[PDB]
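The data below hold one chain only, encoded as structure tokens and taken in the form deposited in one PDB entry.
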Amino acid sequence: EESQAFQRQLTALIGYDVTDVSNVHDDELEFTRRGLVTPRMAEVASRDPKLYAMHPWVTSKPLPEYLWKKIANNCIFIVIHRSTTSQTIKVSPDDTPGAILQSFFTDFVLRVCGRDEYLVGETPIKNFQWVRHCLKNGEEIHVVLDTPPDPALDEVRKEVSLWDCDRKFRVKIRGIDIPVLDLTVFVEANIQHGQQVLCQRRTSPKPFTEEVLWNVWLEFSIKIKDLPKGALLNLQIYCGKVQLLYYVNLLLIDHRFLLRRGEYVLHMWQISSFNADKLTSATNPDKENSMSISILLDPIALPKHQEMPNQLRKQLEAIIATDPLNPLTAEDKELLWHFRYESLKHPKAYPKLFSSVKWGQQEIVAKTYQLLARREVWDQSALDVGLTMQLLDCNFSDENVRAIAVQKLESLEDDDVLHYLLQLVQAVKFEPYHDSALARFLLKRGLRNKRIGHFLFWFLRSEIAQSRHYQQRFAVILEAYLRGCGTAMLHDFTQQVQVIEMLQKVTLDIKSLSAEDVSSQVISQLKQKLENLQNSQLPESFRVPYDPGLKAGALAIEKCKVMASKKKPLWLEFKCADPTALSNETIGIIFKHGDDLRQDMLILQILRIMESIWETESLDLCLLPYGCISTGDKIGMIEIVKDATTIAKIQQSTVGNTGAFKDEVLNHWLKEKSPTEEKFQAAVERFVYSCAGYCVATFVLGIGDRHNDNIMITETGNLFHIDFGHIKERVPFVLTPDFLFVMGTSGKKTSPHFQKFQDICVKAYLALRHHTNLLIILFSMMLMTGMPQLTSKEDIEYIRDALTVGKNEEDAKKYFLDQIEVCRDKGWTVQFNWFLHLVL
């Protein structure tokens, strides 16, 4: 009974009932649940309860040069508090927490004031992110003396060979049936491995009535022994002049290596090119409205495995050197395959090589597995995330290839997993089976670390709530996570979900009262409902989903309001529930219903990756990739950046509601907000840096052409773009006269700052180009897994151009500087055209 009481709880947290079997035709999901018990238990049993409880967040990356020149001679100050009054201590960057706490005593723990963050463990204090964060923002390091939190609070509650068959594969299409609906229609059946169609066959076209039967056998040209694991039977329905209307898939070799035998009635998905959704094995849960198809397959199990010319070498290195979106010809494929063993010596050749394997040919695949047996150089090579990500995309449906990718991820430190976690979670969509090396890796790295675990929960939950194609798989994975994270995390997750459920309701009802124009009489209505839920049943405190170290407390009803938008998001502000906080600042969260926030998360995360890339080359570009977390179906939270205003408003306040935009206004605003000329120029510099990073970052992603109401700036000079969910003469990015004036330029001039801006942009751009392959992959995956409305080849090939693939550096500078100049030329014309468009 209580075990079922625990399952009800799990289900509430996941947002999907995992025990259900109403939408399966096999036991793969249930088999995967039993399969993940072991790796879960293993990781739960092997994790240090102490370090797990305090989750020290640390890095082994070198302290960047920009954070070095902010330390006054190998010394940092660490203010230690107790009851109220605060003693200060001098420390060197290399002092371990215990060493600093030993210095003080002439057992307790150092906790960061206001946060559930801890400076504990065998690493120097220059190696904690909270310290580097305090350094970057020119801030002081305040910590309390505290008891370690009890590990009892994290306690988890204990608990015929296929290769002897030369028969061609065939499938019987009995017919299709739609419940509701004059043209004709046919069924197309594809044997696929990844994006490759191995063999294709159609039925003959019949009239599209609410029931169409065929009773036809489609013999394929492929032999049953030649079926590779992860082969999908992809059934599609066309009509006409031709158009695809429905699709469904079925793994031909199941999870227990058995060939698929018997009667199936598969409920299909509708269409609204390369969408991750097209690859799913999930059938449509909506039995009542959806099309279905009926088929027949006729105990076969699949067995398991055990000096060139100059011209050709060059030709092979030319191929190996190309980008991931450069299509390989048959000549190139045949070359790579013929020179198999020479290509294996180059890690960079792996994606291309494994794309040259004829996967519908049992002996070739065998030789490929032989080849994978001899992977000494790969195993030895340093971790290349870009290369590793390529092997986890839609082009690779073979487990053994994919496993060598995950093999390399094992060596990622917890800092790096957090950088790539979102996209690793999305790559699960390209896995043929519910149980995968990648799925388990995410499981153990999550269970090993509360911060990875926190974000894994939300990322998974976000997909479970707004994707029917993959919710089943992600629900199995998240169930496995929650069954080992511990009772404390379970309580946190419960609190967080409760709060966001309470806020959703208040949002839906507020949206209903308004005419889409936001009256202040409605802002009284909002304040009423917020007060109503404050006493009961809102919880005393909750972790901020996008910043888990922070606990939000009581609402500041006074400061909450309904924002002037057509989605009417809630601007909310909370007090911090932690009294040891030594600030008054509220915690600002925008709560929005109406849009899928996943796209936003993806761009923001790519921005974080771009930052770290730049850190490798000691460049800081002061981007503000603010917190943004999808929390359920078309709902989520966004962090409110403090002391921030839009560029639009700075114009509107001086100039008025008119497009008569003025060059001087921003610099004036910055001058007025800067109290001192030293703080001013620092703000101006921050702006030159910020502006350069957003110019480069948005060019590469093709999101630089924006209305300046979607660009903001802080009172300390920090420019940042907002609201990426959305997405004539154009512009590569936003570099307007107001920005140029702040730098000391107008019309056709240059300055001390402007040349430095051009300097930073060029070095920023080139630095990204040193990771072309990585960025191309994240961009392809982003499109394929997060943006259904923008997934053609030509959409993906934007980034090839943007990154000037194949060109030398010195030319690529010339390319970027032209873009800077294509802005100069246009001044206000596009911003002005944005005013005409959006305001009217």
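What we label the rigid core is the largest C-alpha set whose atoms superpose within 1.5 Å from one form to the other. Numbering starts at 1 and runs along the sequence shown.
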Relative to the other PDB entries of this protein in the set, is residue 162 coordinate-less in at least a third? yes
Answer yes if residue 770 is missing coordinates in at least a third of the other compared entries, and no if every one of them models it. no
What size is the break between residue 159 and residue 160 in terms of deposited sequence residues left without coordinates: none, 1 to 3, 4 to 9, or 10 or more? 10 or more
Between residue 181 and residue 182, count the deposited residues left without coordinates and pick a bin: none, 1 to 3, 4 to 9, 10 or more. 4 to 9
Taking the deposited Cα B-factors and averaging over 55-63 and over 772-780, the higher mean is found in 55-63
Comparing 481-489 with 69-77, where is the mean C-alpha B-factor higher? 69-77
Check the PDB entry and point out which of 639, 435, 307, 501 has the largest C-alpha temperature factor. 307
For the listed residues 249, 275, 525, 329, which one has the largest C-alpha B-factor as given in the deposited model? 525
Ordered by C-alpha B-factor within the chain, which third holds residue 92? Give me lowest, middle or highest, please. highest
Select lowest, middle or highest to describe the third in which the CA B-factor of residue 354 falls within its chain in this entry. lowest
Where the record places residue 624 (Cα B-factor, split into thirds across the chain): lowest
On the chain's distribution of Cα B-factors, residue 731 falls within the third called highest
So where's residue 254 on the chain's Cα temperature factor ranking, which third? middle
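Form deposited in another entry: not shown, discussed below.
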After fitting the rigid core, tell me which of 791, 32, 59, 804 has its Cα displaced by at least 2 Å between the shown form and the other one. 791
Aligned on the rigid core, do the two forms place the Cα of residue 660 2 Å or more apart, comparing between the shown form and the other one? yes
Is the C-alpha displacement of residue 617 equal to or greater than 2 Å between the shown form and the other one once the rigid core has been superposed? no
Is it true that residue 702 shifts between the shown form and the other one by 2 Å or more at the Cα, once the core is aligned? no
Taking the shown form as reference, are the C-alpha positions of residue 791 and residue 457 brought closer or pushed farther apart in the other form, with a change of 3 Å or more? farther
